[PDB]
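**Q**
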Amino acid sequence: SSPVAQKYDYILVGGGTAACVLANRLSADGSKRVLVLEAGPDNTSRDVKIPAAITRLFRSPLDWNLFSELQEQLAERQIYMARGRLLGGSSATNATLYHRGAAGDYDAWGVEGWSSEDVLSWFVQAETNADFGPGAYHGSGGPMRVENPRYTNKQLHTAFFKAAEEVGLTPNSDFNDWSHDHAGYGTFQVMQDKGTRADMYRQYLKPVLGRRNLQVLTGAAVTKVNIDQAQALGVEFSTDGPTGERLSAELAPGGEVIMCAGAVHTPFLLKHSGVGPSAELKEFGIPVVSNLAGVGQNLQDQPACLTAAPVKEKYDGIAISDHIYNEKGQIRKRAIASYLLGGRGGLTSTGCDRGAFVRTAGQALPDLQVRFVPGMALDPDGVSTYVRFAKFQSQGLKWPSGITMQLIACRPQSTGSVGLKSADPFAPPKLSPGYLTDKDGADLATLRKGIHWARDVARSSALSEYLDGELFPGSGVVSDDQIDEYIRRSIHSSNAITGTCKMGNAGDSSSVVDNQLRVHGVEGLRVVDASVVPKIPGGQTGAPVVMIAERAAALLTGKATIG
Ligand SMILES: Cc1cc2nc3c(=O)[nH]c(=O)nc-3n(C[C@H](O)[C@H](O)[C@H](O)COP(=O)(O)OP(=O)(O)OC[C@H]3O[C@@H](n4cnc5c(N)ncnc54)[C@H](O)[C@@H]3O)c2cc1C
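If you want our numbering, it's the 1-based position in the sequence shown plus 917.
#1: Which of the three DSSP states, helix, strand or coil, is assigned to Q1323?
#2: Between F975 and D1218, what straight-line distance do the alpha-carbon atoms span, to the nearest angstrom?
#3: Starting from the C-beta of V1439, find all residues in its chain whose C-beta is less than 8 Å away, skip the five residues before and the five after it, and write them out in chain order.
#4: Tell me, to the nearest whole angstrom, how far the beta carbon of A1221 is from that of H1409; I am working on the premise that it is less than 8 Å.
#5: Just to check my reading of the structure: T1010 and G1001 have Cβ atoms closer than 8 Å, yes? What is that Cβ distance to the nearest angstrom?
#6: At a cut-off of 7 Å, is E1467 close to ligand 1 when judged by its beta-carbon and the heavy atoms of the ligand?
#7: Tell me which residues share the same chain as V1036 and place their Cβ nearer than 7 Å to its Cβ, disregarding the 5 neighbours each side in the sequence.
#8: Taking C-beta to C-beta, are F1092 and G1085 nearer than 8 Å?
#9: For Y1102, which beta-bridge partners are listed by DSSP?
#10: Can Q1457 be considered in contact with ligand 1, in the sense that its beta carbon sits closer than 7 Å to one or more heavy atoms?
#11: So, is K1452 buried or exposed, given that buried needs 16 or more other C-beta atoms within 10 angstroms?
#12: Ignoring anything shorter than 4 residues or poking outside the region 1289-1355, list the alpha helix (DSSP H) runs there in chain order.
#13: Return the chain-ordered list of same chain residues with a C-beta closer than 6 Å to the C-beta of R1405, the five sequence neighbours on each side being excluded.
#14: Using three-state DSSP, classify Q1109 as helix, strand or coil.
#15: Along the chain, where does the alpha helix (DSSP H) containing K1250 start, and where does it finish?
#16: Could you give the residue range of the beta strand (DSSP E) that holds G1151?
#17: Say yes only if the C-beta of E1162 is nearer than 7 Å to one or more non-hydrogen atoms of ligand 1, and no if none qualify.
#18: Checking the sheet assignment: what are the DSSP bridge partners for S918?
#19: To the nearest angstrom, how far is the alpha carbon of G1480 from that of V1041?
#20: Is the number of C-beta pairs between the region 1269-1276 and the region 1099-1119 that are closer than 8 Å three or more?
#21: Taking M1464 as part of the alpha helix (DSSP H), name the residues at either end of that continuous run.
#22: Considering only C-alpha positions, which residue in the set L1434, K966, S1427 and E1173 is nearest to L952?
#23: Using a Cβ-based criterion (distance less than 7 Å to any ligand heavy atom), does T934 qualify as near ligand 3?
#24: Could you pull out every residue in the same chain whose Cβ sits closer than 8 Å to the Cβ of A1344, ignoring the five residues on either side in sequence?
#25: Under three-state DSSP, which class holds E1197?
#26: Using a threshold of 8 Å, state whether the C-beta atoms of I1237 and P1291 are closer than that.
#27: For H1074, count neighbouring Cβ atoms within 10 angstroms of its own Cβ and tell me buried if that reaches 16, exposed if not.
#28: Flag this pair as touching only if the region 1321-1332 and the region 1360-1368 have three or more C-beta atom pairs under 8 Å; answer yes or no.
#29: Can you name the residues that DSSP bridges to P1227?
#30: Use the C-beta contact count for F1289: other C-beta atoms within 10 angstroms, 16 or more gives buried, fewer gives exposed.
#31: So the candidates are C1177, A1080, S1301 and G1393; which of them puts its Cα closest to the Cα of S1377?
#32: Do you know whose CA, among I1241, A1180, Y1256 and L1442, lies nearest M998's CA?
#33: I'd like the list of long-range same chain contacts for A1471, defined as Cβ closer than 6 Å, with 5 residues on each side in sequence excluded.
#34: Considering only heavy atoms of ligand 1, does any lie closer than 7 Å to the CB of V1462?
#35: Hey, would you say the C-beta of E955 is under 7 Å away from at least one heavy atom of ligand 1?
#36: Is the beta carbon of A1210 closer than 8 Å to that of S1426?
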């Protein structure tokens, strides 16, 4: 009752990160009626705008509340895998960290037309950096806002840098500069506009919500893509939910359907739509339009574990938790006041924006990403501690002061999968992260060796002055087996998730899309989001998504060509 006898030049499934970019650039003439269907609501939550309230988006209405299948290798647990559920997608719920990884990450893709020399200009074109001048690696005129974090914990952040220096790391002054090596300790830039989250809704969709050729439907959950037998022809959605009406939205002659539901829900929606490994599709009774074996497969996420330690009594009150809560658990008015009048203070932080990239075994690129938090975890799952921190508000308790080190396998070797669990298009997908299953034990050894590195750092003079004990894993965890066990029980997602509809050269029987993001054997169906990432780059994945979406956009409208 919303696309009523209206034929669209481009239909966008999902109003996420890449989708926001695409609507902007495709709606930019006047000739292309673009539609955007977003399951979740509009972007208006204050908890999304204030970076520190990331703590309140986890397991919230605005998250998809996805949970993995049982992971036998991880002590038979389910793994919460947070995903944003609103316009802008996970850019509105993410940690705001700005990482491109290294140039080799892209060269390793092997795909023609998408080497590091091909991607670098599309990063720079999307960026306005408050803290680096315009150059080969940084932009000044692009829609994204990037800045150095406007919080500093004067005492713990400096001691982390002194500690890292003590154990032999050297600094890196820009982890996104491909003229020097990726490893090093340093400060991560953040996707923030003076301490407000600068999500892709705010930076791209909001400035164009008035173009008459641009129609944005929130609350609109797509259930399949119409493919008349091969050619996509529309989508089906429901404006209320599982128990509503099954509307349809037709395309114009020449109109394409761009998948933008993310590396979780896109390979899910495609499988419901007829594109996937047939042996899986037959089992639920879905005809096969295209039998591509790579849909669902190659899921790549970056696992994390953590260490935490309290600070000595004499340093009580110098943690970021002390800057956000008072001894009774109410938000400090000084922290509110510095945020609102100046865009400074604890509220601007997601807490994890200083750290390191480390080679644990002389790998070619860093296998380990460290995120240092000047606050103390109280649960060894880091995602839970943030949930816990939110609910800790006004309980009358005092969150103890300490530090945390989150360790991340940033170029992991284990692959996962996204599959069908029900015929119900409103059912949760079958999701298996598959961390720690690479045949060589290499991801587990990255993290185990990360733990030893984090204790060396904590044991340095620089940090031992402040620290007093270790709470996680703790004194009882000495042996490697004991470390490996703790990893298996506390391992959590650093929240990347790429590769489920990966692109590849012609003749790649494993690839789902081609170097122009068109899925094989279907007409007018493209995929532009984190699924197409053939090999996950070293770091958080928001930025490479934006790049991919800019590139795909300028390709569609004939401003650039690939290969
Ligand atoms: C908690 C968290 C922290 C992160 N931190 C960082 C970080 O600090 N820096 C960084 O660079 N990256 C970070 N990431 C990753 C980054 O946010 C994502 O990889 C990136 O935003 C993915 O973009 P996308 O367009 O592929 O997906 P999304 O932005 O998730 O877009 C997919 C969209 O599809 C919608 N959708 C799903 N199913 C349907 C359906 N049936 N019908 C309609 N719409 C549907 C979803 O609601 C969503 O809006 C983080 C991720 C999370 C979850």
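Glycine included, every Cβ here is placed at the ideal spot set by N, Cα and C.
**A** According to the structure shown:
#1: strand
#2: 18 Å
#3: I1144, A1147, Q1148, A1149, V1192, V1206 and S1207
#4: 6 Å
#5: 4 Å
#6: no
#7: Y1023 and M1464
#8: no
#9: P1088 and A1273
#10: yes
#11: buried
#12: 1299-1308
#13: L991 and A992
#14: strand
#15: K1250 to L1257
#16: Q1148 to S1155
#17: no
#18: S918 pairs with nothing; no bridge assigned.
#19: 20 Å
#20: yes
#21: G1459 to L1473
#22: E1173
#23: Absent from the structure shown: ligand 3. Ligands present: ligand 1.
#24: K1338
#25: helix
#26: yes
#27: buried
#28: yes
#29: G1319
#30: buried
#31: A1080
#32: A1180
#33: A1477
#34: yes
#35: yes
#36: yes
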